[PDB]
Amino acid sequence: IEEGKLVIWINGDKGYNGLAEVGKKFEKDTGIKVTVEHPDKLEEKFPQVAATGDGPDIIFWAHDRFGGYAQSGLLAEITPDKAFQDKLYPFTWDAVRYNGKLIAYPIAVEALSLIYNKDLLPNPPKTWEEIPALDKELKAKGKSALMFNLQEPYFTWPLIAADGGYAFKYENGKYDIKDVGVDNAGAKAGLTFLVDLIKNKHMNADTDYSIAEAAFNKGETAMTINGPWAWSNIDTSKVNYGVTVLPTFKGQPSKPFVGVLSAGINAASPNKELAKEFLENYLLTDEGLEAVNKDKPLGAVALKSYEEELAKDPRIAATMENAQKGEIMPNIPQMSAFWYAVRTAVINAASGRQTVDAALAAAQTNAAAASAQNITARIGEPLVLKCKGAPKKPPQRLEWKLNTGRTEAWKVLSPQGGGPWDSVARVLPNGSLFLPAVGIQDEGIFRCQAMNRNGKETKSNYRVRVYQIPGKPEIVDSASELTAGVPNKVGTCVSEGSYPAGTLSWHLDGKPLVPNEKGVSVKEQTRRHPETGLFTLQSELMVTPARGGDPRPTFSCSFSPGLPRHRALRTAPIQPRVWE
Ligand SMILES: OC[C@H]1O[C@H](O[C@H]2[C@H](O)[C@@H](O)[C@@H](O[C@H]3[C@H](O)[C@@H](O)[C@@H](O)O[C@@H]3CO)O[C@@H]2CO)[C@H](O)[C@@H](O)[C@@H]1O
């Protein structure tokens, strides 16, 4: 991370151009450049890059992700004074408190609403149950009733929760991580209703954010479900729209999750004071929030003064009506596992590949499962796993067990005794498990239970994966002269010795080179060595140079692992020439 500037990550559905305008004002006053980026999957990328001390100085996301980041030590504790805190609503600060510490600045409160086309549907439906009949009416007129994003569980949750579904039970000021409400009767009822809509062709399981937005904004469907960030595109489309309370289900309100868009500071940032100045004195002001809100609406902002100014907007009132029928998202680390579990359940049930009951049963199990620490190790290198709670020397009451490619199911280990397991995984004096040289067959789960004389029990739970770095990639079978107007084989990139497979990518003039566009094609193959299990990849690049184009291209190929266990590897560049 570069000292003396600010890099900000925010999702691509938010007002990033407006935020960049706030950054320009900061730059005018301070000379400090503010770069706003909107990477894909930034909420998954952040914990990867920040864990190694890289990433943005500031990350924006709803507050639900932040407990996990904080637990991993990826966030700086913020230091607003009490006078600053008093400028924002107390419930918004609660959303960004983790283990007693403020770990992000709250920006705005979001909830989904029903958005409807007033020219098609003057009185929007009060119930989910009336939507099939409404769709039949509209289909007869060449339209449809409802389209919304069915790929992300955020959008389907309000219906799943209505009749009794919940994420984690809240009681005594705490979430019970084992009391999950994903496969109860209420969740099943809601998801069954959704799936029936799809079975009856009132909705399509493939509908995503872009498809639903396009259909609504072109006047093809009478309703959608979306948040405040979507309003600006509807304004542009000129559709005469209203924003209103979500339909009820079985007579009960839909319960959207309430998200607080929040800004965290990277623990690894050398620019923490600049970040504080930007967030407190530039962004969290009437003029700062206005700039962002004018780009894509924020909802009900956390800053009291500006929230009061905008409160008269009936779309914001509807957002708050819906929010106040729903639940605040927990910020606990287990929220990630909950969302992944429910995403899978909804996709599998909606596609018909699994019953609602079976999909939700699996999701329940996954969401409530004990957390495991992800461990990675390079093939051939040693690995040490701590038995938390064990005394530093014997006697120790502990038990290691594992479930890997070397075992059928669970194997319980014993103290060293000369048996063959001792050369693969053995218990050290301090109770740790030592694997002298990991291999592919060691991937799996490793667990320790340590018991103390006072009755204390401590469990350690590890999910172990391994990797190998291939040799530097090479380009072979390359053609140094290219002919415009016909396909030319630039060469074949080859990488040998990876685990897992990884992928090869081509680049032209220091930018990625995209297949099937502008006369580019790639033929790829993967081979696995029968004994070692390591992978060899090939990627053959064809290009059709355009006549009059740049006759001096520079190509290169790189290998990347799926997860960043190591850096990309690159070939030397090649510089074939286009000759007439
Ligand atoms: O579905 C897989 C997905 O799950 C998790 O994403 C959840 C977000 O963490 C949660 O905030 C919410 O996201 C919505 C934003 O709050 C809202 O501002 C707007 O951007 O729409 C978002 C939904 O698309 O809900 C999602 C679950 O749908 C997890 O964090 C992700 O890594 C994972 O991809």
Side-chain angles (χ1 to χ4, degrees), residues 9-16 19 38-50 59-72 74 92 95-96 104 106-113 115 148-161 165 167-168 182 191 194 207-213 224-233 255-264 292-293 295-302 319 322-323 326-350 359 363 366-367 563:
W9 286 2
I10 185 166
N11 203 43
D13 59 6
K14 302 308 191 302
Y16 55 78
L19 185 55
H38 54 276
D40 296 324
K41 305 182 174 184
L42 76 86
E43 86 281 10
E44 291 179 347
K45 285 169 183 168
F46 178 75
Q48 297 174 347
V49 299
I59 174 177
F60 284 75
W61 197 260
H63 70 281
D64 62 303
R65 265 284 185 173
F66 282 81
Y69 299 157
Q71 184 66 37
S72 301
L74 306 180
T92 72
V96 291
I107 310 298
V109 182
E110 305 171 357
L112 290 170
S113 295
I115 300 174
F148 70 97
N149 187 3
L150 298 180
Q151 310 308 129
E152 284 291 342
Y154 181 74
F155 296 81
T156 50
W157 192 254
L159 171 60
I160 297 171
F168 302 97
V182 166
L191 185 53
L194 183 79
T207 298
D208 65 9
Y209 190 96
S210 49
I211 289 168
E213 180 178 49
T224 190
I225 294 175
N226 220 325
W229 53 84
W231 304 336
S232 62
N233 288 345
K255 303 181 60 177
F257 262 131
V258 179
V260 178
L261 178 61
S262 301
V292 178
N293 194 71
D295 183 5
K296 302 291 188 185
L298 285 166
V301 304
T319 299
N322 281 308
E327 304 289 336
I328 193 75
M329 290 197 291
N331 71 9
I332 64 177
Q334 291 75 17
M335 277 301 287
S336 282
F338 161 87
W339 282 127
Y340 289 122
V342 177
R343 180 185 163 277
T344 298
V346 175
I347 284 173
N348 289 350
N366 293 329
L563 295 173

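First listed ligand is number 1; within each ligand, the first listed atom is number 1. Values below: all heavy atoms of this structure, side chains included; hydrogens, waters and symmetry mates excluded. Sequential numbering from 1 along the given sequence is applied to the chain's residues.
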Does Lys296 make a cation-pi contact with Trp229 (under 6.0 Å, within 45 degrees of the axis)?
no

What distance separates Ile107 CD1 from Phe60 CZ, expressed to the nearest 0.5 Å?
5.0 Å

Report yes if the side chains of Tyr154 and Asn149 come closer than 4.5 Å at any heavy-atom pair, otherwise no.
no

Heavy-atom contacts with ligand 1 below 4.0 Å: which residues, ordered by chain and residue number?
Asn11, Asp13, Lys14, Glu43, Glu44, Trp61, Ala62, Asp64, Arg65, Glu110, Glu152, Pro153, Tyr154, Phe155, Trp229, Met329, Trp339, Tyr340, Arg343

For the residue pair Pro158 and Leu112, what are the closest heavy atoms and their distance?
CG-CD1, 4.1 Å

How far apart are the closest heavy atoms of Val258 and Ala323, and which atoms are they?
CG2-O, 3.3 Å

Applying side-chain hydrogen bond (donor to acceptor under 3.5 Å, both in side chains), name anything that partners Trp339, two or more places apart in sequence or on another chain.
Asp64

